[PDB]
Amino acid sequence: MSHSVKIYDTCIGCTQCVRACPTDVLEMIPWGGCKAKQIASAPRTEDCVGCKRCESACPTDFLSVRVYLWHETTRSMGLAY
Amino acid sequence: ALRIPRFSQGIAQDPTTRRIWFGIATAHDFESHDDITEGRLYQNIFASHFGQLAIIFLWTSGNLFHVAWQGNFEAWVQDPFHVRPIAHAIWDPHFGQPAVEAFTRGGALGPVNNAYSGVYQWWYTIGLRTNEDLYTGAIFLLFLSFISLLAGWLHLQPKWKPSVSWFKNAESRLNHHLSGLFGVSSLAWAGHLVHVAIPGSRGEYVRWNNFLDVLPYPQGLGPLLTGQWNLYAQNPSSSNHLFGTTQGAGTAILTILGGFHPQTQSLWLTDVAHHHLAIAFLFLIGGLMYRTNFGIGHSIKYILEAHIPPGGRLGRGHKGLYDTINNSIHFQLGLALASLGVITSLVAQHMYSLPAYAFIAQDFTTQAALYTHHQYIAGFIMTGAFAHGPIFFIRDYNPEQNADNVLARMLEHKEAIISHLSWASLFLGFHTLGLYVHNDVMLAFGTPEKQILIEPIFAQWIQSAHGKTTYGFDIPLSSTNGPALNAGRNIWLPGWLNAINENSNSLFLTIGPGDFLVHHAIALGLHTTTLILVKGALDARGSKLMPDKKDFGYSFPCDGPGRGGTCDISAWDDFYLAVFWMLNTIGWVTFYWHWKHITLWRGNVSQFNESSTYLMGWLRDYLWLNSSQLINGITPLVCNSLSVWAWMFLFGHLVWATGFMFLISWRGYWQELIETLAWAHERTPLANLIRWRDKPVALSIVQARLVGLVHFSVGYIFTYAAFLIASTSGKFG
Amino acid sequence: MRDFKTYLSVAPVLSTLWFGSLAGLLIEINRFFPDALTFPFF
Amino acid sequence: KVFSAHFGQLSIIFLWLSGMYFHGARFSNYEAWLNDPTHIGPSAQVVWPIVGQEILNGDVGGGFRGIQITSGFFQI
Amino acid sequence: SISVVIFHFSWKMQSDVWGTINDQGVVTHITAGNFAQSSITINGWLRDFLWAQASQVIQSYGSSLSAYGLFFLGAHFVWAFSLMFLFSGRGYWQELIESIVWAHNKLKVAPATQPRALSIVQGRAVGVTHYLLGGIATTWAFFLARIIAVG
Amino acid sequence: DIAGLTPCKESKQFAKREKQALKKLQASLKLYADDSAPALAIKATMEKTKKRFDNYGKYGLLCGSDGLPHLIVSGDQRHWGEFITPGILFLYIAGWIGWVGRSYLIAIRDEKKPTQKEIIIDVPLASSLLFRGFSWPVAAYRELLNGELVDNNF
Amino acid sequence: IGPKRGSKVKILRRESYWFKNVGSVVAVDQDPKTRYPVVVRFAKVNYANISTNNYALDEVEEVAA
Amino acid sequence: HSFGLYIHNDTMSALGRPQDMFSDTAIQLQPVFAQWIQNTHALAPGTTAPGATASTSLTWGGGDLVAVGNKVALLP
Ligand code: CLA
Ligand code: CLA
Ligand code: CLA
Ligand code: CLA
Ligand code: CLA
Ligand SMILES: CCCCCCCCCCCCO[C@H]1O[C@H](CO)[C@@H](O[C@H]2O[C@H](CO)[C@@H](O)[C@H](O)[C@H]2O)[C@H](O)[C@H]1O
Ligand SMILES: CC1=C(C/C=C(\C)CCC[C@H](C)CCC[C@@H](C)CCCC(C)C)C(=O)c2ccccc2C1=O
Ligand SMILES: CC1=C(C/C=C(\C)CCC[C@H](C)CCC[C@@H](C)CCCC(C)C)C(=O)c2ccccc2C1=O
Ligand code: SF4
Ligand code: SF4
């Protein structure tokens, strides 16, 4: 929020797990101890659309994200044109 | 790329068209949108619905204003024989010269459309008569409906307080209301009917001049204060009456005496007033029940708190249900909705068999397009009742503040609740549907016998312990006598609640196996409709598939694919999904009355009898029989009687069908070809440079579940609207 | 060849040799008593 | 595969047709209808009078109880 | 596309053509050309069609063909069951399927073979296919019932 | 006896149904089978719905107006086995559908990998847990509410 | 082996799919350190295609015991 | 041009002024359709055409009637 859909999990390891999703997710930001030690839920999200391709793969064990952002640009929906 | 819409902000600079729609449908969502505080909000709903009451009187005014100069009244009060009253003058330049053809209706000149609302038999039924004597209406109501706005502003202006915290009392208010309001709101009505109306009914006039000089009697309020009341009810009315003109009038207000009459059905003159009186003590006695400073009565907690009936020693709390129904405002608007919802039908199902108006049923049309605008709504409520009680759970509600506490446990022990609900439906499902195809496989197959058909025993039963003195039958302790009442007799149940079988208007219609099904199929409605609303509600919070479904609860429609595949799983989209069965119950139910009534009027009743016990036939004779009149009304052979209606009826079938798009289309396909279709303009001459200010897009992924609906609905509800009328009007019946 | 504590398998729809038949033998009771709607007893 | 799992259509269209030629034969009406066309109103199918059934079997031409046809064999 | 092309042919082919000779071959169509001024109105399409013909489907009980009127209710039902499959969510019948699954477990009667709702697009597969075998046979009945018997 | 009319011993309206209606079954002066051996309206289909004369058994059976027979079943005058007799019957049969539902099910979740043994069927119908149902005297009416499915397992 | 490592544990968080149900465990953490140790495992899948998750002792309410 | 076309009629025949509908007779068309290609099909056995009484499909504009002695068949 402005893009706020929680995909977080607990491993945040990203090998044979999850990568897919247009730009949005430049992570691998190792928090001082979480197994394959790369963590959190996002980077700077003011860039791309609203997928849930976000999970589909690699756990969120709870919810998984979708549209919830409301405040919604245009570069945030393909169509500002 | 500018800034606009003056309340929200994310919406405000959204470059597409969503900018618009979503503007015009977030307006009324005060609690949490930019401009809000618990102080703002409250008052921002307060001077809102002071903007209410206000719009209800510009309605009523004009209701009494397309009536007084045309639209027969110094007619229809000469004797109201079932020939086409009037609402207002229809005036459209599109009309052909068959302006002359009915459409243009007898008495008045230019074409018109007649009162199917009741107003015409209650502006009349409380006296209100003479066409020189009448032309007030707006004049008052409106010199009223403006005041309705004045507080609006006056109480919106800071200074002379708009009041902020003062909005969470109760006790004081409702310790005020159910006395000050209702009680005296009755009373004062009991006042009116009696000094000015009952005289206007049985007896004679009242002259705008005198109000002191007119005295229901010779020697005044006589005793009365002298506890001696009784001798009101002796020779009150009569029956050899001639309604409105005395002569066999008599003059002693109040009664329970006499009863029905071929000249008017309708509750007796008086009784609707001792009643209006009678109840007006109880609420006044009720009002004055809680605190309001002086130091008597009650605190609205401390009689919840550890009150509790089966609590006590059954480990199941009751903590501040007050500061959660009070700190909620949604709990509020949903115990409000229902009560209203339950009673909107109690109104409208009692409003027949007991209509309280001078000529109504024995009208049999206005009587059948008025049970339903009170069945639609009423159903239409209920849903919204159930729908603001699954918002309480998300925006408001507070697990740490409600727990072990009986509103929880309701959540906690929930998986059962929907199941022992769903078990009702699935049972009430196939078991009604065995009985109705079987009943239809057997006909067609040549065997009218073999037909499965249960008498509605526990039905008729309720009534052979009332007045249904149908063809005898004892019942052990009752017999039809020996013991009758003994304790009751010539007081109370006199001629009244004694309509019996009365094939015409007996109140209770004589029930058989045709009614032991619809009556189990209205039951399969509010059950299924509510397994979905109970469910819809019982986790706007979340669940296994979507555990953390919140901070927004209600309308988040959709989620990403994966997990199992996830969709209309917002408590809104179950509300969304609910409204189809509230539009299917409130159809089986209304459908039912009428077929019954229809038949029970200008003809038989055997008709509904062996031809409602099955299904095909519900389509054939009714549905297919009894449309006749209307459709050959555009006829290849000129516009006959009705034409508004059948064109409405096909306007009915279109608005409906055109729901479906919205409903089987789903934004994806629409947006994409608009991606190609907005390569046009940009790439085509004589339509370049020419800029939109809102970016061509396809409808939101919740929006269209609505619009298909809010579309599905009018079509649907505008079809029966036109259907029943377009057939209860010739009739026959 | 089948003694005690469950046996051998069977296909996806042996229900189609269970809807058809068994149940089928029942028309076979619905013509022996070609009719119902209450029933005498034994 | 598709040149095989194909095959089992022709064979099928072939088990079908048979119960139609047989049907359009001993469950007759064709013999009766042909000496007597303009007149008949053909059948090939007939119930067996189990349960409600029989209503469905209503005099069709060359003198017998059955259910009609709108599938123009009797005419190939 | 097809469902209205059909609607076309028979209303023509009977409104005109199909009908009948006698002396002076004074032609007498199953309907003296009612089409004329009266299909042009799209109500005439249920004044003159659907409400006119179909009176043979809703009279068809107790007969011989009867199986049509007696279908015409089912399949005029099955269609009005499609919308449920067409018009609905998905984690919905999940959210529901568990309430179920719960009551199941109490008696000890469910888990094995994780019972699941319909595969988003399977759901659409059980729309459509139904909406058609519904909305279609409806007329397959509507028809055979207005050419058998007069016409 | 009750709301509708009396049984078969007299029911005028019902009589008329017997007669017109069916017998117009007739309606086909002839329609050729003077001796012929197929077209069987002729024999039964009528007579099987028909020799059902002023007898159908006798059943009581109330019959309203139009004389189609209505079912009270309130356990009185005559009508008791129009729900209970065929009611306990519905109960007994089901419940021995699902007594074994809760059986060729509670016999698996064990041994070695038991993860869909059920798309094939171990004993067809269960043909082992089979009769457990008629081999229900009392049964769940005690052992369900005491032990096994015991509140514990609740 | 001496105390109890991973021999039977319920789940109690209310988000976790097989929450109140008790399945089996594996290589529960050793060290003083972090906050999401313990793998658990059971037959029944869940909403994802693959479901074998790690919860953590602040909780495992196992509960009685 | 392909549906609201009908809707005109309703809205204006239910308004009711036929002067201005779209009837086979109100909006200008006059007791003939004929002159197009139908009428140069049932009439074509007079080209390179050899001939053979009637046409190709009896449902074409020109000539002939006498089709069948139970009921009917095809005509123009
Ligand atoms: C969405 C819908 C809505 C609409 C459009 C209508 C429309 C209508 N309803 Mg209605 N109704 C609704 C919702 C609606 N209702 C609901 C939710 C309920 C259940 C609560 C009802 C219960 C109801 C009843 C019981 C009746 C109607 C009737 C009517 C019809 C009468 C016209 C009218 O209402 O004037 C409205 C008139 C006013 C607003 C002014 C009168 C209000 C009085 C009581 C104010 C008294 C205040 C007074 C000044 C205080 C005195 C103090 C001092 C002097 C001592 C009209 C068709 C009547 C009917 O049947 O017609 C045949 C009647 O039977 N309705
Ligand atoms: C008596 C009334 C009562 C009151 C006081 C409220 C008050 C409120 N409701 Mg509400 N509601 C009610 C009855 C009520 N409701 C009922 C009966 C239902 C369904 C049966 C609902 C279903 C509902 C929903 C889904 C929501 C609300 C919401 C709200 C809040 C924002 C209002 C809004 O969104 O409107 C703004 C709407 C407009 C400006 C107009 C758009 C409305 C469209 C759909 C038109 C409706 C059909 C229309 C008559 C057809 C067109 C006319 C045709 C002749 C051309 C507000 C707290 C919202 C909320 O805050 O919840 C979280 C929202 O979620 N309500
Ligand atoms: C006429 C319609 C059609 C049918 C048959 C149903 C039936 C049902 N709906 Mg439904 N629905 C429909 C249209 C329909 N809906 C539409 C248009 C909508 C809105 C778009 C909805 C929205 C809706 C909601 C929100 C819900 C339902 C629910 C239900 C179920 C409620 C339980 C019940 O009523 O008894 C049981 C069912 C019946 C009486 C229908 C007959 C089913 C059996 C008898 C099948 C017959 C077997 C047959 C011989 C075998 C043929 C199959 C094959 C082998 C050839 C039921 C299955 C609810 C539910 O899930 O309940 C738990 C609830 O979730 N519906
Ligand atoms: C009765 C129907 C309703 C209507 C009006 C439409 C209309 C349309 N659908 Mg459609 N659709 C519907 C139901 C409807 N659909 C349903 C139920 C489904 C699925 C269940 C679909 C699935 C679907 C698909 C997949 C597609 C469409 C497409 C279209 C468009 C085709 C082009 C066209 O001719 O439009 C214009 C003409 C009309 C809408 C008919 C005339 C309307 C009349 C009443 C005239 C009114 C105009 C007048 C100025 C009114 C102003 C008066 C004032 C008071 C407002 C058209 C907008 C397609 C598309 O977009 O291609 C271009 C696309 O292929 N539909
Ligand atoms: C062996 C069976 C079994 C048992 C004991 C139950 C028991 C129950 N079901 Mg249920 N159910 C079953 C199979 C079973 N079901 C199947 C296969 C389905 C299809 C998905 C359902 C779908 C279903 C729904 C939607 C609901 C229930 C509900 C219920 C509960 C209410 C009873 C009721 O009114 O539904 C009547 C029973 C049915 C509709 C099930 C039809 C299937 C039966 C005929 C299975 C027959 C045995 C089968 C062939 C197994 C093979 C035998 C094997 C040993 C070889 C009850 C606990 C309701 C609930 O949750 O409330 C507590 C809820 O409404 N069931
Ligand atoms: C239906 C609306 C009328 C508009 C089209 C009318 C224009 C043509 C006139 C009638 C068309 C029908 O054509 C019909 O004509 C005659 C009816 O009088 C019939 O005339 C037939 O009967 C008699 C028996 O020998 C003789 O007069 C003719 O030799 C013979 O052809 C024919 O069965 C048919 O050819
Ligand atoms: C057609 C269609 C569209 C396309 C959007 C369209 C066609 C909008 C077209 C605008 C119409 C022409 C406006 C006419 C409406 C008038 C009554 C004016 C509205 C006035 C309001 C302010 C009340 C979607 O975006 C969509 C999204 C999700 C599910 C289904 C669908 C869907 O069916
Ligand atoms: C109603 C509905 C459901 C619920 C429908 C369900 C769960 C249908 C599946 C029911 C199955 C077919 C019952 C199978 C049980 C029997 C085969 C087992 C017993 C064997 C026989 C002997 C009875 C969806 O899952 C769905 C998904 C996506 C879009 C729309 C919808 C939708 O509209
Ligand atoms: S893979 Fe999914 S942490 Fe793991 S669930 Fe979070 S992004 Fe990486
Ligand atoms: S899930 Fe969201 S953030 Fe992630 S890629 Fe998709 S759109 Fe971007």
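As a convention, residue numbering begins from 1 on each chain and follows the written sequence, not necessarily the numbering found in the entry; residues with no coordinates do not appear. For naming, the first written chain is A and the first written ligand is 1, with later ones following in the order written. These chains belong to a larger assembly; all numbers given describe just the chains displayed. Hydrogens and waters are ignored; side-chain quantities use all the structure's heavy atoms. Residues with missing side-chain atoms are left out of burial classes, side-chain pairs and their counts.

- Structure determination for the deposited model, as stated in its record, used X-ray crystallography, and the stated resolution is 3.48 Å.

- Under the PDB entry, the name given to chain C is PHOTOSYSTEM I REACTION CENTER SUBUNIT IX, and the source organism is Spinacia oleracea.
- UniProt annotates chain C under Subcellular location with the comment "Plastid, Chloroplast thylakoid membrane".
- UniProt positions are given in the numbering used here, feature names are shortened, and annotations may be inferred rather than shown by experiment. Taken directly from UniProt, the Sequence similarities text for chain C runs: "Belongs to the PsaJ family."

**Describing the overall build of chain E**
(1) Moving on: Looking only at helices and strands, chain E features six helices and zero strands.
(2) Moving on: Helix and strand assignments come from DSSP, with helices taken as H or I runs of at least 4 residues and strands as E runs of at least 2, each series counted from the N terminus. For chain E, the succession of helices and strands along the chain, N to C, is α-α-α-α-α-α.
(3) Moving on: Its C-alpha atoms give chain E a radius of gyration of 23 Å, clearly above 15 Å, the size a compact globule of 151 residues would have.
(4) Moving on: Projecting the C-alpha coordinates of chain E onto the three principal axes gives extents of approximately 80 × 35 × 20 Å. Throughout, radius of gyration means the C-alpha value; the globule benchmark is 2.2 Å times the number of residues raised to the power 0.38.

**Remarks on the overall build of chain C**
(1) Moving on: The number of helices and strands found in chain C is zero helices and zero strands.
(2) Moving on: Each principal axis of the C-alpha atoms in chain C carries an extent, and together these give about 40 × 25 × 15 Å.

**What about the interface of chain B and chain E?**
(1) Moving on: Facing the 49 residues of chain B at the interface are 41 residues of chain E.
(2) Moving on: Two parts placed together each lose some accessible area under a 1.4 Å probe, and the buried area is that loss summed for both. Carbon and sulfur atoms supply 70% of the area buried between chain B and chain E, which totals about 3900 Å² over both sides.
(3) Moving on: We define a salt bridge as a contact between a side-chain nitrogen of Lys or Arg and a carboxyl oxygen of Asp or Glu at a distance within 4 Å. Put simply, chain B and chain E have one salt bridge between them.
(4) Moving on: Residue E:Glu95 pairs with B:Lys549 through a salt bridge whose shortest N-O separation is 1.9 Å.
(5) Moving on: Two N or O atoms form a polar contact when they lie within 3.5 Å of each other; inside protein one atom must be a possible hydrogen donor and the other a possible acceptor, and for residues adjacent in sequence the pair counts only when both atoms belong to side chains. Taken together, the connections running from chain B to chain E amount to eleven residue pairs in polar contact.
(6) Moving on: At four residues, the largest contribution of residues to the side of chain B that touches chain E is made by helix α16 (residues 422-442) of chain B.
(7) Moving on: Each residue gets one label: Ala, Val, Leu, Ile, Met, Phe, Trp, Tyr, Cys and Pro are nonpolar, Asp, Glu, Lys and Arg are charged, and the others, such as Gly, are polar. Looking at the side of chain B that touches chain E, its residues break down into 31 nonpolar, ten polar and eight charged. In what follows, a contact means two residues having at least one pair of non-hydrogen atoms within 4.5 Å.

**A word on the site of ligand 7**
All names here are of chain B.
(1) Moving on: Distances are taken per atom, and a residue is near a molecule or strand as soon as one of its heavy atoms is within 4 Å of it. Around ligand 7, the neighbouring residues are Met661, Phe662, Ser665, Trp666, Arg667, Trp670, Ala698, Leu699 and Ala704.
(2) Moving on: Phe662 places a polar main-chain atom, nitrogen or oxygen, 3.0 Å from an oxygen atom of ligand 7.
(3) Moving on: The contact in question runs from an oxygen atom of ligand 7 to an N or O atom on the backbone of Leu699, over 2.3 Å.
(4) Moving on: Protein contact buries 49% of the 790 Å² of open area that ligand 7 shows by itself.
(5) Moving on: Taken together, the residues that form the shell around ligand 7 break down as seven nonpolar, one polar and one charged. Here the open area of atoms and residues is found with the Shrake-Rupley method and a 1.4 Å probe, where only the protein chains shown may cover a residue.

**Focus: the environment of B:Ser611**
(1) Moving on: By the element assignment, B:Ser611 lies in the loop between α22 (606-610) and α23 (628-631).
(2) Moving on: Judged by relative accessible area, B:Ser611 falls into the buried class, the value being 3%. Buried means the residue's accessible area, taken with a 1.4 Å probe over protein chains only, is under 20% of the maximum for its type, while exposed means over 50%, and partly exposed covers the values in between.

**A look at the UniProt feature "transmembrane region" in chain C**
(1) Moving on: Under the UniProt annotation, the feature "transmembrane region" is placed at residues 7-27 of chain C.
(2) Moving on: For residues 7-27 of chain C, helix accounts for 0% and strand for 0%, while the C-alpha atoms at its two ends are 31 Å apart.

**Re the side chain of B:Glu449**
(1) Moving on: Note that B:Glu449 resides in the loop between α16 and α17 (457-461).
(2) Moving on: When charges are counted, neither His nor the chain ends are considered; positive counts come from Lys and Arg and negative counts from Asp and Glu. At 8.2 Å, F:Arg17 is the nearest oppositely charged side chain to B:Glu449, a buried residue that forms no salt bridge.
(3) Moving on: When neighbours within four sequence positions are excluded, B:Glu449 is seen to be in contact with B:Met442, F:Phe14, F:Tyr56 and F:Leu68.

**Regarding the interface of chain B and chain F**
(1) Moving on: At the junction of the two partners, chain B supplies twelve residues and chain F supplies 13 residues.
(2) Moving on: At the boundary of chain B with chain F, total buried surface from both sides reaches about 1200 Å², with 65% on carbon and sulfur atoms.
(3) Moving on: Contact with chain F buries area across many residues of chain B, yet B:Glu449, B:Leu453 and B:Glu455 alone supply 45% of it, more than any other trio.
(4) Moving on: The tally of links from chain B across to chain F stands at zero salt bridges.
(5) Moving on: Counting across the chain B and chain F interface gives five residue pairs in polar contact.
(6) Moving on: Taken together, the residues that form the side of chain B that touches chain F break down as eight nonpolar, one polar and three charged.

**A look at the nonpolar core**
Considering soluble globular proteins, one finds that nonpolar side chains tend to be buried as a cluster.
(1) Moving on: For the purposes of this section, nonpolar cores are sets of buried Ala, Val, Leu, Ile, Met, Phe, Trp, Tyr and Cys residues that join through side-chain atoms within 4.5 Å. The biggest cluster of nonpolar side chains holds 78 residues, and the ones touching the most others in it are B:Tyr554, B:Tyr576, B:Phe580, B:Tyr622, B:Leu630, B:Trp645 and E:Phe87.
(2) Moving on: Top contributing element to this core by residue count: helix α28 (residues 712-725) of chain B, with six residues.
(3) Moving on: Counting 22 residues, the second largest nonpolar core, distinct from the first, contains B:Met616, E:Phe72, E:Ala141 and E:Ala145.

**Re the site of ligand 3**
(1) Moving on: In the region of ligand 3, 22 residues are neighbours, and B:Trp581, E:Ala80, E:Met84, E:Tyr92 and E:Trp93 sit closest.
(2) Moving on: More than one chain lines the surroundings of ligand 3; the residues nearby belong to chains B and E.
(3) Moving on: Here a nitrogen atom of ligand 3 and a side-chain polar atom of B:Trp581 are 3.2 Å apart.
(4) Moving on: Taking E:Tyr92, its side chain carries an N or O atom lying 3.0 Å from an oxygen atom of ligand 3.
(5) Moving on: Elements with a minimum of two residues in the shell around ligand 3: α16 and α19 (525-538) of chain B together with α3 (79-86) and α4 (91-107) of chain E.
(6) Moving on: Broken down by element, the residue count for the shell around ligand 3 peaks at six residues, all from α16(B).
(7) Moving on: Residue composition of the shell around ligand 3, grouped by class: 18 nonpolar, four polar and no charged.

**Examining the pattern of salt bridges**
(1) Moving on: Taken as a whole, this structure holds 26 salt bridges over all chains when the rule is applied.
(2) Moving on: The partner of B:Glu31 in a salt bridge is B:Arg395, with the nearest N and O atoms 3.3 Å apart. Highlighted residues: B:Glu31 in the loop between α1 (18-21) and α2 (38-46) and B:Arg395 in the loop between α13 (380-388) and α14 (399-402), separated in sequence by 364 residues.
(3) Moving on: As a salt-bridge pair, B:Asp568 and B:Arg705 come within 2.8 Å of each other at their nearest N and O atoms. Of this pair, B:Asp568 sits in the loop between α19 and α20 (572-578) while B:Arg705 sits in helix α27 (residues 703-707), and the two are 137 residues apart along the sequence. B:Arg705 matches B:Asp568 in its accessibility class, with the two residues each being buried.
(4) Moving on: One network of salt bridges, in which partners are shared, links A:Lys52, A:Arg66, B:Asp559 and B:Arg563.

**Observations regarding a nonpolar patch on the surface**
Residue and element names in this part refer to chain B.
(1) Moving on: Two joining distances apply to patches: 9 Å for like charges and 5 Å for nonpolar side chains (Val, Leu, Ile, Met, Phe, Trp, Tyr), and every residue must have over 30% relative accessible area and no salt bridge. Taken together, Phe140, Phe143, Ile147, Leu150, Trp153, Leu154 and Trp160 make up a surface patch of nonpolar side chains, about 770 Å² in accessible area.
(2) Moving on: Secondary structure elements with two or more residues in the nonpolar patch: α4 (138-145) and α5 (147-154).
(3) Moving on: When residues of the nonpolar patch are assigned to their parent elements, the largest contribution, four residues, is made by α5.
(4) Moving on: Within the secondary structure, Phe143 sits in helix α4.
(5) Moving on: Taking the relative accessible area as the measure of exposure, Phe143 reaches 53% and is therefore exposed.

**Quick look at the arrangement of the chains**
(1) Moving on: Between chains B and E lies the most contact-rich interface of the 16 pairs of chains that touch.
(2) Moving on: Considering only C-alpha positions, the minimal separation of the non-contacting chain C and chain E is 14 Å.

**A short note on α4(E)**
(1) Moving on: Between its terminal C-alpha atoms α4(E) stretches 25 Å, which fits the 24 Å expected from 17 residues at 1.5 Å a residue.
(2) Moving on: Every buried residue belonging to α4(E) is among E:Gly91, E:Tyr92, E:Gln94, E:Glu95, E:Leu96, E:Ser99 and E:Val101, and all of these are buried.
(3) Moving on: Contacts made by the buried residues of α4(E) are with α15 (414-417), α19 and α20 of chain B.
(4) Moving on: Looking one or two residues beyond α4(E), the residue adopting positive phi is E:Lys108, at roughly 65°. Here the expected length of a helix is defined as 1.5 Å per residue gap, with one fewer gap than residues.

**Considerations on unusual backbone geometry**
(1) Moving on: Note the cis peptide between A:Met1 and A:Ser2, where omega equals 20°.
(2) Moving on: A positive phi angle, near 70°, is found at F:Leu61, a position not held by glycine.
(3) Moving on: Relative accessible area serves as the criterion here: at 12%, F:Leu61 is assigned to the buried category.

**Considering the packing of α19(B) against α4(E)**
(1) Moving on: Where α19(B) contacts α4(E), the axes come no closer than 11 Å and their chain directions differ by 90°. By the angle between their axes, α19(B) is roughly perpendicular relative to α4(E). Taken together, the residues of α4(E) that come into contact with α19(B) (itself represented by B:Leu531, B:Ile532 and B:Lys535) are E:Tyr92, E:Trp93, E:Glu95 and E:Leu96.
(2) Moving on: Considered class by class, the residues forming the contact of α19(B) with α4(E) number five nonpolar, no polar and two charged. All axes are obtained by fitting lines to C-alpha atoms, using only the stretch in contact for helices, and the reported angles, taken between N-to-C directions, cover 0 to 180 degrees. Should an angle fall under 35 degrees it is taken as roughly parallel, and over 145 as roughly antiparallel, whereas 65 to 115 is taken as roughly perpendicular and any remaining angle as oblique.

**Considering the environment of H:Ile37**
(1) Moving on: Topologically, H:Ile37 is positioned in the segment after α1 (4-14).
(2) Moving on: Here the alpha-carbon distance between H:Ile37 and H:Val66, two residues 29 residues apart in the chain, equals 23 Å.

**Notes on the side chain of B:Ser727**
All names here are of chain B.
(1) Moving on: For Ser727, the location among the structural elements is in the segment after α28.
(2) Moving on: Judged by its relative accessible area of 7%, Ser727 is buried.
(3) Moving on: Here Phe723 takes part through its backbone oxygen, which lies 3.1 Å from a polar atom of the side chain of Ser727.
(4) Moving on: If near-sequence neighbours (up to four positions away) are discounted, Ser727 is found in contact with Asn626, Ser627, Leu630 and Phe732.

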